[PDB]
>>> print(open('work-v6.csv').read())   # CSV, C-alpha atoms and all ligand atoms
chain,number,residue,atom,x,y,z
A,4,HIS,CA,0.0,0.0,0.0
A,5,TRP,CA,2.7,2.6,0.9
A,6,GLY,CA,5.1,3.7,-1.8
A,7,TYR,CA,6.9,6.8,-3.2
A,8,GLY,CA,4.1,8.3,-5.2
A,9,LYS,CA,1.9,11.4,-4.8
A,10,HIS,CA,-0.8,9.3,-3.3
A,11,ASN,CA,1.0,6.8,-1.1
A,12,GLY,CA,4.4,8.5,-0.5
A,13,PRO,CA,6.4,9.6,2.5
A,14,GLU,CA,4.0,12.4,3.4
A,15,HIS,CA,1.2,9.9,3.8
A,16,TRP,CA,3.0,7.2,5.9
A,17,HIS,CA,2.0,8.6,9.3
A,18,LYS,CA,-1.6,7.5,8.7
A,19,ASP,CA,-0.7,3.8,8.9
A,20,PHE,CA,2.6,4.2,10.8
A,21,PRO,CA,2.2,7.0,13.4
A,22,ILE,CA,5.9,6.5,14.5
A,23,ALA,CA,6.6,8.4,11.3
A,24,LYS,CA,6.4,11.6,13.3
A,25,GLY,CA,8.5,10.1,16.2
A,26,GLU,CA,11.4,11.5,18.1
A,27,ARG,CA,14.2,9.5,16.4
A,28,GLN,CA,13.3,9.3,12.7
A,29,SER,CA,15.7,9.0,9.7
A,30,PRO,CA,17.1,10.1,7.4
A,31,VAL,CA,18.4,13.5,8.6
A,32,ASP,CA,20.6,16.3,7.2
A,33,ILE,CA,24.2,16.0,8.5
A,34,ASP,CA,25.3,19.6,9.4
A,35,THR,CA,29.1,19.2,9.3
A,36,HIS,CA,29.8,22.2,11.5
A,37,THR,CA,27.4,21.1,14.2
A,38,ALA,CA,28.5,17.5,14.3
A,39,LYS,CA,30.6,16.8,17.4
A,40,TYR,CA,34.0,15.2,16.9
A,41,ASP,CA,34.0,12.5,19.6
A,42,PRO,CA,37.6,11.1,20.4
A,43,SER,CA,36.2,8.2,22.4
A,44,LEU,CA,34.7,6.6,19.2
A,45,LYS,CA,36.5,3.4,18.3
A,46,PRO,CA,37.4,2.6,14.6
A,47,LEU,CA,34.8,0.6,12.8
A,48,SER,CA,35.6,-3.1,12.3
A,49,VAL,CA,34.2,-4.6,9.1
A,50,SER,CA,34.8,-8.3,8.7
A,51,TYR,CA,33.2,-9.4,5.5
A,52,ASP,CA,35.7,-12.0,4.4
A,53,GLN,CA,33.4,-14.9,5.1
A,54,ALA,CA,30.2,-13.3,3.6
A,55,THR,CA,27.8,-15.6,1.9
A,56,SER,CA,25.4,-13.8,-0.5
A,57,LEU,CA,22.4,-16.0,-1.6
A,58,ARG,CA,19.8,-14.0,-3.5
A,59,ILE,CA,18.8,-10.8,-5.1
A,60,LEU,CA,15.1,-9.7,-5.0
A,61,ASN,CA,12.9,-6.9,-6.3
A,62,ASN,CA,10.6,-6.2,-3.4
A,63,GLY,CA,8.5,-3.5,-5.0
A,64,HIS,CA,10.3,-0.7,-3.2
A,65,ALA,CA,14.0,-1.5,-3.9
A,66,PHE,CA,16.1,-4.5,-4.7
A,67,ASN,CA,17.8,-6.4,-1.8
A,68,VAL,CA,20.8,-8.7,-1.9
A,69,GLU,CA,20.4,-11.2,0.9
A,70,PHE,CA,23.1,-12.9,2.9
A,71,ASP,CA,23.3,-16.0,5.0
A,72,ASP,CA,23.1,-14.7,8.6
A,73,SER,CA,22.8,-18.1,10.4
A,74,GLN,CA,26.4,-17.6,11.7
A,75,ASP,CA,28.9,-14.8,12.3
A,76,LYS,CA,30.3,-14.8,8.7
A,77,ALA,CA,29.9,-11.1,7.8
A,78,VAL,CA,29.9,-8.8,10.8
A,79,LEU,CA,30.3,-5.3,11.9
A,80,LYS,CA,31.7,-4.2,15.3
A,81,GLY,CA,33.6,-1.3,16.9
A,82,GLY,CA,32.7,2.3,16.2
A,83,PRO,CA,29.8,3.3,18.5
A,84,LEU,CA,28.6,-0.3,18.7
A,85,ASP,CA,28.6,-2.7,21.6
A,86,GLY,CA,28.4,-6.3,20.6
A,87,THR,CA,28.5,-7.9,17.1
A,88,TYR,CA,26.1,-7.1,14.4
A,89,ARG,CA,25.5,-9.6,11.4
A,90,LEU,CA,24.9,-8.4,7.9
A,91,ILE,CA,21.5,-9.6,6.7
A,92,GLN,CA,21.0,-7.5,3.5
A,93,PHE,CA,22.0,-4.5,1.6
A,94,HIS,CA,19.9,-2.3,-0.8
A,95,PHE,CA,19.9,1.1,-2.5
A,96,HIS,CA,17.8,4.3,-2.7
A,97,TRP,CA,18.3,6.3,-5.9
A,98,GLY,CA,16.8,9.1,-7.9
A,99,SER,CA,15.3,9.9,-11.3
A,100,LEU,CA,18.1,12.4,-11.8
A,101,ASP,CA,21.8,12.4,-10.7
A,102,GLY,CA,21.1,15.4,-8.3
A,103,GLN,CA,18.9,13.5,-6.0
A,104,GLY,CA,18.5,10.0,-4.7
A,105,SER,CA,20.2,9.8,-1.3
A,106,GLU,CA,18.2,9.8,1.9
A,107,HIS,CA,20.8,11.4,4.2
A,108,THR,CA,22.2,14.7,3.0
A,109,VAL,CA,25.4,16.5,4.0
A,110,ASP,CA,25.0,20.2,4.6
A,111,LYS,CA,21.9,19.9,2.5
A,112,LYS,CA,23.8,18.3,-0.4
A,113,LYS,CA,22.0,15.2,-2.0
A,114,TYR,CA,23.9,12.4,-3.7
A,115,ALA,CA,22.8,10.3,-6.7
A,116,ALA,CA,22.1,7.2,-4.5
A,117,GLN,CA,22.6,5.7,-1.0
A,118,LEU,CA,23.6,2.2,-0.1
A,119,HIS,CA,22.4,0.7,3.1
A,120,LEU,CA,24.2,-2.4,4.6
A,121,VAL,CA,21.8,-3.7,7.2
A,122,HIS,CA,23.1,-5.5,10.3
A,123,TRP,CA,21.3,-6.9,13.4
A,124,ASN,CA,22.6,-7.3,17.0
A,125,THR,CA,23.3,-11.0,17.6
A,127,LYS,CA,22.4,-10.7,21.3
A,128,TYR,CA,18.8,-10.7,20.2
A,129,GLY,CA,18.9,-14.0,18.4
A,130,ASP,CA,17.1,-13.1,15.2
A,131,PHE,CA,16.3,-10.0,13.0
A,132,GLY,CA,12.7,-10.0,14.1
A,133,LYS,CA,13.5,-9.6,17.8
A,134,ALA,CA,16.3,-7.1,17.0
A,135,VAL,CA,13.9,-4.6,15.3
A,136,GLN,CA,12.0,-4.3,18.6
A,137,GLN,CA,15.1,-2.9,20.4
A,138,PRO,CA,16.7,0.6,20.6
A,139,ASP,CA,20.0,-0.9,19.7
A,140,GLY,CA,18.9,-3.8,17.6
A,141,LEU,CA,20.2,-2.7,14.2
A,142,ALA,CA,23.3,-1.0,12.8
A,143,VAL,CA,23.0,0.4,9.3
A,144,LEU,CA,26.1,1.4,7.3
A,145,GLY,CA,25.2,4.2,4.9
A,146,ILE,CA,27.4,4.9,1.8
A,147,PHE,CA,26.7,7.7,-0.6
A,148,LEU,CA,27.2,7.2,-4.4
A,149,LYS,CA,28.1,10.0,-6.7
A,150,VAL,CA,28.3,9.8,-10.5
A,151,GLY,CA,31.8,9.6,-11.9
A,152,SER,CA,33.9,6.6,-12.8
A,153,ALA,CA,32.6,3.1,-12.8
A,154,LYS,CA,32.7,1.0,-9.6
A,155,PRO,CA,34.0,-2.4,-10.9
A,156,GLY,CA,32.6,-4.2,-7.8
A,157,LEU,CA,29.1,-2.9,-8.5
A,158,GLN,CA,28.9,-4.4,-12.0
A,159,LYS,CA,27.8,-7.9,-11.0
A,160,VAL,CA,24.8,-6.3,-9.3
A,161,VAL,CA,24.1,-4.2,-12.4
A,162,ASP,CA,24.2,-7.1,-14.8
A,163,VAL,CA,21.6,-9.2,-13.0
A,164,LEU,CA,18.9,-6.4,-12.7
A,165,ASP,CA,17.4,-7.5,-16.0
A,166,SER,CA,16.3,-10.8,-14.3
A,167,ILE,CA,14.4,-9.1,-11.5
A,168,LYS,CA,12.8,-6.3,-13.3
A,169,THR,CA,9.4,-6.5,-11.5
A,170,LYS,CA,8.0,-6.8,-8.0
A,171,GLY,CA,8.3,-10.3,-6.7
A,172,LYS,CA,11.1,-11.5,-8.9
A,173,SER,CA,14.2,-13.0,-7.4
A,174,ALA,CA,17.4,-14.6,-8.7
A,175,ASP,CA,20.2,-16.7,-7.2
A,176,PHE,CA,23.1,-14.3,-6.3
A,177,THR,CA,25.9,-16.2,-4.8
A,178,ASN,CA,29.6,-15.4,-4.2
A,179,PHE,CA,29.1,-11.7,-4.3
A,180,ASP,CA,31.8,-9.9,-2.1
A,181,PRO,CA,30.4,-6.8,-0.4
A,182,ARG,CA,33.9,-5.5,0.3
A,183,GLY,CA,33.9,-4.2,-3.3
A,184,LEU,CA,31.4,-1.5,-2.3
A,185,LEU,CA,33.5,0.1,0.5
A,186,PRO,CA,35.2,3.5,0.1
A,187,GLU,CA,38.9,3.7,1.1
A,188,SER,CA,38.3,5.6,4.3
A,189,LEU,CA,36.0,4.4,7.1
A,190,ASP,CA,35.6,7.8,8.8
A,191,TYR,CA,32.0,8.3,9.8
A,192,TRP,CA,29.2,10.2,11.4
A,193,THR,CA,26.9,8.4,13.8
A,194,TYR,CA,23.5,9.1,15.4
A,195,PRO,CA,20.5,7.1,16.8
A,196,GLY,CA,17.6,6.8,14.3
A,197,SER,CA,15.2,4.5,12.5
A,198,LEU,CA,14.4,2.4,9.5
A,199,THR,CA,13.7,4.7,6.5
A,200,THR,CA,10.8,2.7,5.1
A,201,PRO,CA,7.7,1.5,7.0
A,202,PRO,CA,7.4,0.2,9.7
A,203,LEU,CA,9.9,3.0,10.5
A,204,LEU,CA,11.0,1.3,13.8
A,205,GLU,CA,13.4,3.5,15.9
A,206,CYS,CA,15.9,0.6,16.4
A,207,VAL,CA,18.8,1.8,14.3
A,208,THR,CA,22.3,3.1,15.1
A,209,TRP,CA,23.2,4.9,11.9
A,210,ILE,CA,26.9,4.9,10.7
A,211,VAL,CA,27.2,7.1,7.7
A,212,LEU,CA,30.5,7.1,5.9
A,213,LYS,CA,32.0,10.5,5.1
A,214,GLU,CA,33.6,9.3,1.8
A,215,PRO,CA,31.3,8.5,-1.1
A,216,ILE,CA,32.0,5.8,-3.7
A,217,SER,CA,31.7,6.8,-7.3
A,218,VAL,CA,29.7,4.8,-9.9
A,219,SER,CA,29.3,5.5,-13.6
A,220,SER,CA,26.3,7.2,-15.3
A,221,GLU,CA,25.5,3.9,-17.2
A,222,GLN,CA,25.6,2.0,-13.8
A,223,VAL,CA,23.0,4.2,-12.2
A,224,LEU,CA,21.0,4.2,-15.4
A,225,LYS,CA,20.4,0.4,-15.0
A,226,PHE,CA,18.9,1.0,-11.5
A,227,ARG,CA,16.3,3.4,-13.1
A,228,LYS,CA,15.1,0.6,-15.4
A,229,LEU,CA,13.6,-1.4,-12.6
A,230,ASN,CA,9.8,-1.4,-11.9
A,231,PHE,CA,7.8,-0.9,-8.8
A,232,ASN,CA,4.9,-2.8,-10.4
A,233,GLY,CA,4.5,-6.5,-10.7
A,234,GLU,CA,4.6,-8.4,-14.0
A,235,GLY,CA,1.5,-7.8,-16.1
A,236,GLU,CA,0.7,-4.5,-14.4
A,237,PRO,CA,1.1,-1.0,-15.9
A,238,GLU,CA,4.8,-0.1,-15.8
A,239,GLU,CA,5.9,2.4,-13.0
A,240,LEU,CA,9.7,2.9,-13.1
A,241,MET,CA,11.5,2.4,-9.8
A,242,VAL,CA,13.0,5.9,-9.3
A,243,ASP,CA,13.0,8.3,-6.3
A,244,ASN,CA,12.5,5.6,-3.7
A,245,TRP,CA,14.0,7.9,-1.0
A,246,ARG,CA,12.4,9.4,2.1
A,247,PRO,CA,13.2,13.1,2.7
A,248,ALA,CA,15.2,14.3,5.7
A,249,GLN,CA,13.4,14.3,9.1
A,250,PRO,CA,13.9,16.8,11.9
A,251,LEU,CA,16.9,16.0,14.2
A,252,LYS,CA,15.0,17.0,17.4
A,253,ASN,CA,16.7,15.9,20.6
A,254,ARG,CA,19.8,14.2,19.0
A,255,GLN,CA,23.4,14.9,18.4
A,256,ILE,CA,25.4,13.7,15.4
A,257,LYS,CA,28.9,12.5,16.4
A,258,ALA,CA,31.9,12.4,14.0
A,259,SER,CA,34.8,10.0,14.3
A,260,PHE,CA,37.1,12.5,12.6
A,261,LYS,CA,38.0,16.2,12.9
A,301,ZN,ZN,17.5,1.8,3.0
>>> encode(input="work-v6.csv", output="structure tokens", more="lines below")
Ligand SMILES: [Zn+2]
Amino acid sequence: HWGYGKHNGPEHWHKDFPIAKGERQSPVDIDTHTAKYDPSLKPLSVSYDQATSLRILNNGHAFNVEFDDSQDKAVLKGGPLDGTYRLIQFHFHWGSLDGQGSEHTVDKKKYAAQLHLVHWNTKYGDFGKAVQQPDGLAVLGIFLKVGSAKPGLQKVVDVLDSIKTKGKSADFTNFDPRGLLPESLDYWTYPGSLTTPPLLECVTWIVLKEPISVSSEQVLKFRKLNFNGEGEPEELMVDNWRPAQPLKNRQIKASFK
């Protein structure tokens, strides 16, 4: 029912999901001069060498690449986190034009897309229990800007044809998520929420300062997907991003000065 259109888009979500107007909603604009450099923040630890990708799926709002999360094979720790967080899936948010598409913005600047690597706190046993906790998830957000091609993104781009419409899925094994990381792991961090319904306020956001660049032809392929299911009128999957929410009672911390 919810989507990104004029009739069921972000401005309407509060009717079915009242938490939409909550105290710790995401995304938010990152004001770099107001962000507090915090020296007690530990470096992030990304251990994705044993990652096992399984499937790619068009869910009607974005495409998700899913990972085997039955064991600690791809984890995130350190930074502002306590405990180990397992990678369960990653997905993107993009625009109809290169000047918009990201959910978070930096001093109001919008990027072409935003990658979200979603992890859940192992102390809670499964993803479903984790979303019910204030520290249940850790999402790593990476901005994409249009420039040179990202070689490690091509495997994802080539398979989009196969999952053009809502509900389609394809086997997607042996994909290494390390190919999507920028050089630097400097970041901003703040307490927030999922950016799509149910909008649960269970996320510790870790947004990387350095964007990765992808080519114009790579982002073009994303824009060829459909929100609709097979046999329905075609609605191109573009602009699946939620606009920035007020910061309210929160402080954004930076791991760098
Ligand atoms: Zn997302």
>>> residues_near_ligand(input="work-v6.csv", ligand="ligand ZN 301 (chain A)", cutoff="8 Å", atoms="all atoms listed in the file", output="PyMOL selection string")
chain A and resi 93-96+117-119+198-200
>>> residues_around(input="work-v6.csv", residues="residue 81 in chain A", least_positions_apart="4", cutoff="9 Å", atoms="all atoms listed in the file", output="list in words")
residues 44, 45, 46, 47, 48, 49, 85, 86 and 87 of chain A
>>> closest_atom_pairs(input="work-v6.csv", of="range 137-237 of chain A", to="range 50-59 of chain A", cutoff="10 Å", atoms="only C-alpha atoms", output="Markdown table")
| residue | atom | partner | partner_atom | distance |
| --- | --- | --- | --- | --- |
| A:160 | CA | A:59 | CA | 8.6 |
| A:163 | CA | A:59 | CA | 8.5 |
| A:164 | CA | A:59 | CA | 8.8 |
| A:166 | CA | A:59 | CA | 9.5 |
| A:167 | CA | A:59 | CA | 8.0 |
| A:172 | CA | A:59 | CA | 8.6 |
| A:173 | CA | A:59 | CA | 5.6 |
| A:174 | CA | A:59 | CA | 5.4 |
| A:175 | CA | A:58 | CA | 4.6 |
| A:176 | CA | A:58 | CA | 4.3 |
| A:177 | CA | A:57 | CA | 4.7 |
| A:178 | CA | A:56 | CA | 5.8 |
| A:179 | CA | A:56 | CA | 5.7 |
| A:180 | CA | A:54 | CA | 6.8 |
| A:181 | CA | A:51 | CA | 7.0 |
| A:182 | CA | A:51 | CA | 6.5 |
>>> closest_atom_pairs(input="work-v6.csv", of="range 92-150 of chain A", to="range 26-41 of chain A", cutoff="9 Å", atoms="only C-alpha atoms", output="Markdown table")
| residue | atom | partner | partner_atom | distance |
| --- | --- | --- | --- | --- |
| A:106 | CA | A:30 | CA | 5.6 |
| A:107 | CA | A:30 | CA | 5.1 |
| A:108 | CA | A:32 | CA | 4.8 |
| A:109 | CA | A:33 | CA | 4.7 |
| A:110 | CA | A:34 | CA | 4.8 |
| A:111 | CA | A:32 | CA | 6.1 |
| A:112 | CA | A:32 | CA | 8.5 |
>>> closest_residue(input="work-v6.csv", among="A:171, A:145, A:13, A:151", to="residue 230 in chain A", atoms="all atoms listed in the file")
A:171
>>> closest_atom_pairs(input="work-v6.csv", of="range 182-228 of chain A", to="range 131-143 of chain A", cutoff="10 Å", atoms="all atoms listed in the file", output="CSV")
residue,atom,partner,partner_atom,distance
A:193,CA,A:143,CA,10.0
A:195,CA,A:138,CA,8.4
A:196,CA,A:138,CA,8.9
A:197,CA,A:141,CA,8.9
A:198,CA,A:143,CA,8.8
A:202,CA,A:135,CA,9.8
A:203,CA,A:135,CA,9.8
A:204,CA,A:135,CA,6.7
A:205,CA,A:138,CA,6.4
A:206,CA,A:138,CA,4.3
A:207,CA,A:141,CA,4.7
A:208,CA,A:142,CA,4.8
A:209,CA,A:143,CA,5.2
A:210,CA,A:143,CA,6.1
A:211,CA,A:143,CA,8.1
>>> atom_distance(input="work-v6.csv", atom1="CA of residue 257 in chain A", atom2="CA of residue 20 in chain A")
28.1 Å
>>> residues_around(input="work-v6.csv", residues="residue 220 in chain A", least_positions_apart="6", cutoff="9 Å", atoms="only C-alpha atoms", output="ChimeraX atom specification")
/A:101,150-153
>>> residues_around(input="work-v6.csv", residues="residue 241 in chain A", least_positions_apart="6", cutoff="8 Å", atoms="only C-alpha atoms", output="list in words")
residues 64, 65, 226, 227, 228, 229, 230 and 231 of chain A
>>> write_last_selection(input="work-v6.csv", atoms="C-alpha atoms", output="compact mmCIF listing (two decimals), in the coordinates of the input")
# COMPACT_ATOMS: atom_id res chain seq x y z
CA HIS A 64 10.30 -0.70 -3.20
CA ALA A 65 14.00 -1.50 -3.90
CA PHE A 226 18.90 1.00 -11.50
CA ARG A 227 16.30 3.40 -13.10
CA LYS A 228 15.10 0.60 -15.40
CA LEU A 229 13.60 -1.40 -12.60
CA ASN A 230 9.80 -1.40 -11.90
CA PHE A 231 7.80 -0.90 -8.80
>>> atom_distance(input="work-v6.csv", atom1="CA of residue 258 in chain A", atom2="CA of residue 156 in chain A")
27.4 Å
>>> closest_residue(input="work-v6.csv", among="A:121, A:42, A:67, A:114", to="residue 79 in chain A", atoms="all atoms listed in the file")
A:121
>>> residues_near_point(input="work-v6.csv", point="(5.8, 6.2, -6.1)", cutoff="12 Å", atoms="all atoms listed in the file", output="CSV table (one decimal) with C-alpha atoms, keeping the file's coordinate frame")
chain,number,residue,atom,x,y,z
A,4,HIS,CA,0.0,0.0,0.0
A,5,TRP,CA,2.7,2.6,0.9
A,6,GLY,CA,5.1,3.7,-1.8
A,7,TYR,CA,6.9,6.8,-3.2
A,8,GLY,CA,4.1,8.3,-5.2
A,9,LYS,CA,1.9,11.4,-4.8
A,10,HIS,CA,-0.8,9.3,-3.3
A,11,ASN,CA,1.0,6.8,-1.1
A,12,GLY,CA,4.4,8.5,-0.5
A,13,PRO,CA,6.4,9.6,2.5
A,14,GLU,CA,4.0,12.4,3.4
A,15,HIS,CA,1.2,9.9,3.8
A,63,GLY,CA,8.5,-3.5,-5.0
A,64,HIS,CA,10.3,-0.7,-3.2
A,65,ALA,CA,14.0,-1.5,-3.9
A,98,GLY,CA,16.8,9.1,-7.9
A,99,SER,CA,15.3,9.9,-11.3
A,230,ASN,CA,9.8,-1.4,-11.9
A,231,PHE,CA,7.8,-0.9,-8.8
A,232,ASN,CA,4.9,-2.8,-10.4
A,238,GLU,CA,4.8,-0.1,-15.8
A,239,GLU,CA,5.9,2.4,-13.0
A,240,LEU,CA,9.7,2.9,-13.1
A,241,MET,CA,11.5,2.4,-9.8
A,242,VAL,CA,13.0,5.9,-9.3
A,243,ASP,CA,13.0,8.3,-6.3
A,244,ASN,CA,12.5,5.6,-3.7
A,245,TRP,CA,14.0,7.9,-1.0
A,246,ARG,CA,12.4,9.4,2.1
>>> closest_residue(input="work-v6.csv", among="A:74, A:125, A:169, A:158", to="residue 61 in chain A", atoms="only C-alpha atoms")
A:169
>>> atom_distance(input="work-v6.csv", atom1="CA of residue 250 in chain A", atom2="CA of residue 113 in chain A")
16.2 Å
>>> closest_residue(input="work-v6.csv", among="A:82, A:201, A:186, A:102", to="residue 16 in chain A", atoms="only C-alpha atoms")
A:201
>>> decode(input="work-v6.csv", residues="range 116-131 of chain A", atoms="N, CA, C and O atoms", output="compact mmCIF listing (two decimals), in the first residue's frame")
# COMPACT_ATOMS: atom_id res chain seq x y z
N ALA A 116 22.68 8.41 -5.07
CA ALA A 116 22.13 7.21 -4.48
C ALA A 116 22.73 7.03 -3.11
O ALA A 116 23.64 7.80 -2.71
N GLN A 117 22.18 6.07 -2.36
CA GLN A 117 22.64 5.74 -1.03
C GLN A 117 22.47 4.24 -0.82
O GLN A 117 21.45 3.67 -1.15
N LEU A 118 23.56 3.61 -0.41
CA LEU A 118 23.62 2.19 -0.14
C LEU A 118 23.45 1.93 1.35
O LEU A 118 24.08 2.59 2.17
N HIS A 119 22.58 0.99 1.73
CA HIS A 119 22.39 0.67 3.13
C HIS A 119 22.74 -0.79 3.35
O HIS A 119 22.17 -1.68 2.69
N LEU A 120 23.77 -1.03 4.18
CA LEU A 120 24.18 -2.40 4.57
C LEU A 120 23.56 -2.60 5.94
O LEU A 120 23.93 -1.92 6.91
N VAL A 121 22.58 -3.50 6.01
CA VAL A 121 21.80 -3.69 7.25
C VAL A 121 22.30 -4.84 8.08
O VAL A 121 22.49 -5.93 7.53
N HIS A 122 22.53 -4.56 9.37
CA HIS A 122 23.07 -5.55 10.32
C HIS A 122 22.19 -5.61 11.57
O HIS A 122 21.61 -4.60 12.00
N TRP A 123 22.08 -6.79 12.16
CA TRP A 123 21.29 -6.93 13.38
C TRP A 123 22.15 -7.46 14.55
O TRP A 123 23.05 -8.29 14.33
N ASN A 124 21.89 -6.93 15.74
CA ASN A 124 22.59 -7.26 17.00
C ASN A 124 22.37 -8.72 17.42
O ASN A 124 21.29 -9.10 17.87
N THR A 125 23.43 -9.53 17.31
CA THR A 125 23.33 -10.95 17.61
C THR A 125 22.81 -11.30 19.01
O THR A 125 22.31 -12.41 19.22
N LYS A 127 22.89 -10.38 19.98
CA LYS A 127 22.42 -10.72 21.30
C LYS A 127 20.92 -10.96 21.35
O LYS A 127 20.39 -11.43 22.35
N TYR A 128 20.22 -10.54 20.30
CA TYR A 128 18.79 -10.70 20.24
C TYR A 128 18.30 -11.96 19.52
O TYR A 128 17.09 -12.14 19.36
N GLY A 129 19.22 -12.78 19.03
CA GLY A 129 18.85 -14.03 18.40
C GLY A 129 18.39 -14.04 16.95
O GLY A 129 18.72 -14.97 16.21
N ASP A 130 17.53 -13.11 16.57
CA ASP A 130 17.13 -13.06 15.17
C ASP A 130 16.74 -11.64 14.83
O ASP A 130 16.55 -10.81 15.71
N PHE A 131 16.65 -11.37 13.53
CA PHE A 131 16.32 -10.04 13.03
C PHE A 131 14.99 -9.52 13.56
O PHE A 131 14.87 -8.37 13.94
